[PDB]
Amino acid sequence: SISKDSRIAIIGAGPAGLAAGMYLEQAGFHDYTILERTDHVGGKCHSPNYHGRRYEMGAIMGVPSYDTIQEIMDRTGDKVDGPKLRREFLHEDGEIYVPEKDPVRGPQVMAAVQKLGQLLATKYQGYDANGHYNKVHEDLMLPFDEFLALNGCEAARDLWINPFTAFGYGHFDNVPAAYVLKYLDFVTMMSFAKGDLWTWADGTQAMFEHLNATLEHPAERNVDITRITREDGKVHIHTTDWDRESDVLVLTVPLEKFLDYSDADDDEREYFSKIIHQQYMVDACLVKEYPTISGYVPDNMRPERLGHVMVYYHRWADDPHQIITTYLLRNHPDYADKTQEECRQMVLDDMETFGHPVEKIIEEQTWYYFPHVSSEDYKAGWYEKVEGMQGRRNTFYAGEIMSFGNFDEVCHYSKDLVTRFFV
Ligand SMILES: Cc1cc2nc3c(=O)[nH]c(=O)nc-3n(C[C@H](O)[C@H](O)[C@H](O)COP(=O)(O)OP(=O)(O)OC[C@H]3O[C@@H](n4cnc5c(N)ncnc54)[C@H](O)[C@@H]3O)c2cc1C
Ligand code: NA
Ligand code: NA
């Protein structure tokens with residue numbers, strides 16, 4: 001419903017921004033500009049170099065159901081060519097164990113997982129749609145454990161938790177079911193269970209670097225946007241080097257932060273102020289005693305264990321002097337934030353306990369991760385409001401908050417945005 005001569009400003013050159021550009025271009029919208037704050041593209045798909053190979057400070061993997069990412073690879077020529085993923089399970093004291101062989105718990109999990117699968121296919125059909133503009137069943141608005149409890153499927157959490165909480169998405173005691181099941185829909189959960197997982201030799205960042213290259217208008221980098229105002233039916237953007245006018249604004253950046261440099265209206269302030277995010281910290285480590293496999297720590301995914309390492313990534317199996325990244329969470333609604341100080345010490349103390357002591361941390365990042373809203377705010381209609389606001393003063397809303405904090409979900413949402421409002 002937008003004219004092709006519309007000047008479109010895309011904020012953010014992560015997967016969501018780059019995809020917005022790709023799919024606008026492909027629909028015949030050629031006057032777009034992507035504005036990126038940093039000197040690089042890919043956002044949280046971030047793959048730096050060390051000793052001739054790239055490691056992952058962010059996203060690592062996908063599943064075969066990453067249809068939109070497949071479309072992106074078709075465009076760039078990239079292939080799923082990374083090292084195969086495999087894992088073991090550790091207790092908080094470093095003891096290796098196999099949860100699948102628990103005689104009492106094992107059959108409980110498998111019963112719940114099967115019952116849930118059947119409920120998802122029928123009672124909750126539609127749960128798995130990208131975005132939240134299609135209003136989900138009320139049960140899905142509850143925290144994941146409450147959702148499970150209502151259906152007698154509590155034991156399902158043992159399977160679902162490992163690719164969720166450890167991957168920094170937070171805890172089932174509070175994170176609403178709708179987020180969990182849009183990412184870990186039954187097919188995706190199964191793909192994780194089987195280990196049918198994509199990785200990239202040159203990192204997840206590589207294909208978005210290449211996507212950028214294939215664009216008619218690659219991202220403008222190092223753009224320090226100080227002001228956006230939206231009067232007279234136009235979008236005026238002010239940076240450090242220039243101020244310029246566009247017709248349409250497309251946001252793939254943190255929307256609560258956008259409040260601080262925009263003429264945000266009453267609804268934007270009110271609703272974007274409700275956004276909560278995860279403080280997810282990655283440390284890239286040189287280790288003595290190199291693992292021979294990646295490790296998960298369900299024990300350390302309990303809220304009572306916030307700040308502890310929940311998982312570590314074994315990437316290059318052939319070189320014991322390569323990077324092993326560790327993952328912990330710094331926040332939870334029921335607790336005060338953990339300091340970077342105390343969490344870094346837990347990285348040292350946890351890895352030594354696991355038998356993989358750290359010689360060096362060469363890089364650390366706490367990421368702005370998984371923007372979402374509370375079960376109450378979800379129930380109160382958050383996305384009915386925000387999706388209802390779409391196109392208001394030529395501003396459109398996208399990125400992680402409108403879908404989910406994964407790179408297929410955001411790209412798929414960007415694709416559909418063009419379908420929903422532009423064509
Ligand atoms: C440790 C880790 C593990 C992950 N694991 C997976 C996984 O297994 N599978 C998966 O699918 N995803 C995974 N992800 C999530 C995935 O990387 C993100 O969901 C994805 O990058 C989202 O893309 P986005 O563009 O929507 O936001 P982002 O990736 O955060 O990119 C946003 C962009 O906007 C820019 N920006 C922000 N503010 C401004 C400003 N005001 N002005 C201009 N530009 C701005 C940023 O610099 C950035 O480039 C992981 C991420 C991390 C950190
Ligand atoms: Na299992
Ligand atoms: Na999905």
Side-chain angles (χ1 to χ4, degrees), residues 9-20 34-47 56-63 65-69 85 89 98-102 106 109-110 113 127-131 158-160 162-163 166-169 181-190 192-194 197-199 204-205 208 219-226 228 237 239 251-255 257-258 260-262 277-278 280-283 311 313 325-328 365-371 398-414:
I10 296 148
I11 315 292
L18 296 170
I34 304 159
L35 302 170
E36 170 59 43
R37 186 173 158 207
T38 75
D39 67 351
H40 61 269
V41 305
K44 295 197 284 286
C45 294
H46 198 70
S47 319
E56 301 281 30
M57 282 300 304
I60 307 170
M61 67 198 76
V63 281
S65 62
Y66 269 31
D67 286 334
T68 312
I69 304 316
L85 282 161
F89 283 97
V98 192
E100 304 89 339
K101 300 239 145 72
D102 196 315
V109 175
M110 290 295 94
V113 166
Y127 80 96
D128 56 346
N130 175 263
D158 286 26
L159 188 74
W160 254 265
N162 302 309
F167 282 55
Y169 296 119
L181 292 164
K182 285 181 189 302
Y183 160 33
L184 290 165
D185 59 358
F186 194 84
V187 175
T188 302
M189 184 70 269
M190 294 306 96
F192 266 93
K194 181 168 173 304
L197 294 160
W198 299 347
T199 64
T204 53
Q205 186 177 24
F208 293 105
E220 302 276 24
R221 310 197 195 182
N222 303 288
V223 178
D224 188 354
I225 297 170
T226 62
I228 298 178
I237 300 79
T239 73
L251 300 174
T252 71
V253 286
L255 296 182
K257 301 210 168 94
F258 168 81
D260 297 341
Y261 61 88
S262 65
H277 75 276
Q278 304 292 96
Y280 193 32
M281 185 161 101
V282 182
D283 287 77
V311 57
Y313 178 35
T325 49
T326 73
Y327 305 82
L328 59 82
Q365 183 74 57
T366 301
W367 295 106
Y368 174 92
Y369 202 69
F370 186 39
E400 291 174 318
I401 193 47
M402 301 313 301
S403 56
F404 180 77
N406 95 29
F407 61 81
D408 185 72
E409 289 294 316
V410 307
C411 292
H412 189 186
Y413 190 98
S414 275

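Index from 1, following the sequence. One-based numbering, in listed order, for ligands and for the atoms of each. Computation of the quantities below employed the complete heavy-atom set of this structure, encompassing side-chain atoms and omitting hydrogens, waters and symmetry-equivalent molecules.
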A.B. asks: Would you confirm whether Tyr369, through its side chain, and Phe167, through its main-chain N or O, come within 3.5 Å as a donor-acceptor pair?
C.D. replies: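 Yes: the side chain of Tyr369 pairs with the backbone of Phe167.
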A.B. asks: May I ask whether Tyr261 has any heavy atom positioned less than 4.0 angstrom from an atom of ligand 1?
C.D. replies: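 For ligand 1, residue contact (heavy atoms, under 4.0 Å) with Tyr261 is present.
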A.B. asks: Are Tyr327 and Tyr313 an aromatic pair, judged by ring center distance below 6.0 Å?
C.D. replies: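 Aromatic pair excluded; centres sit 6.0 Å or further apart.
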A.B. asks: For ligand 1, which atoms have a heavy atom of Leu35 less than 4.0 angstrom away?
C.D. replies: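 Listed by number with element: 43 (C), 44 (N).
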A.B. asks: If we check ring-ring contact (aromatic ring centres under 6.0 Å, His included) with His277, which of these qualifies: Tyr169, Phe370, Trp367, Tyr368?
C.D. replies: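 When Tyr169, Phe370, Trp367, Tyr368 are each tested with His277, the ring-ring contact (aromatic ring centres under 6.0 Å, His included) holds only for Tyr368.
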A.B. asks: Heavy atom of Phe370 under 4.0 Å from ligand 1?
C.D. replies: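 No; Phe370 lies far enough from ligand 1 that no heavy-atom distance drops under 4.0 Å.
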A.B. asks: Is the contact between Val253 and ligand 1 made by the side chain, the backbone, both, or neither, using heavy atoms and a 4.0 Å cut-off?
C.D. replies: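 Answer for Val253: side chain.
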A.B. asks: Of all the heavy atoms in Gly62, does at least one lie under 4.0 Å from an atom in ligand 1?
C.D. replies: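 No, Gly62 has no heavy atoms under 4.0 Å from ligand 1.
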A.B. asks: Just to confirm my output: which protein heavy-atom neighbour is closest to atom 18 (C) of ligand 1, and how far is it?
C.D. replies: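 For atom 18 (C) of ligand 1, the nearest protein heavy atom is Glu400 OE2, 3.2 Å.
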A.B. asks: Would you say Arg37 has any N or O atom under 3.5 Å from an N or O of ligand 1, going by distance alone?
C.D. replies: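 Yes; the residue has a nitrogen or oxygen that sits under 3.5 Å from a nitrogen or oxygen of the ligand.
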A.B. asks: For ligand 1, is any non-hydrogen atom under 4.0 Å from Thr204's backbone (N, CA, C, O), its side chain (CB onward), both, or neither?
C.D. replies: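 The answer is neither; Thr204 stays 4.0 Å or more away.
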A.B. asks: Could you tell me the residue and atom name of the protein heavy atom closest to atom 26 (O) of ligand 1, and the distance to it rounded to 0.1 Å?
C.D. replies: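 Sorting protein heavy atoms by distance from atom 26 (O) of ligand 1 puts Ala16 CB, 3.2 Å first.
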A.B. asks: Could you establish whether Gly168 and ligand 1 come within less than 4.0 Å of each other, counting only heavy atoms on the residue side?
C.D. replies: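 No, that is not the case, since the closest heavy atom of the residue is not under 4.0 Å from the ligand.
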A.B. asks: Backbone, side chain, both or neither: what part of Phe167 comes under 4.0 angstrom of ligand 1, heavy atoms only?
C.D. replies: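 It is the side chain that gets close, since no backbone atom is under 4.0 Å.
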A.B. asks: Just do the side chain to side chain contact (heavy atoms under 4.5 Å, CB included) check on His46 and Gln365 with the steps written out, would you?
C.D. replies: CA-CA 11 Å; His46 198 70; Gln365 183 74 57; 6.0 Å; no
A.B. asks: Just give me the atom name: the N, O or S atom of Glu409 closest to the Na ion (ligand 3).
C.D. replies: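 This residue's closest N, O or S atom turns out to be OE2.
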A.B. asks: Using modelled atom types and a 3.5 Å cut-off, is there a donor and acceptor pairing between side-chain atoms of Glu409 and backbone atoms of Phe404?
C.D. replies: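 It does not hold such a pair.
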A.B. asks: Under a heavy-atom criterion of less than 4.0 Å, does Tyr327 contact ligand 1?
C.D. replies: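 Yes, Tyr327 has heavy atoms under 4.0 Å from ligand 1.
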A.B. asks: Counting heavy atoms only, which part of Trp367 comes closer than 4.0 Å to ligand 1: side chain, backbone, both or neither?
C.D. replies: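 Within the 4.0 Å criterion, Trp367 contacts ligand 1 through side-chain atoms alone.
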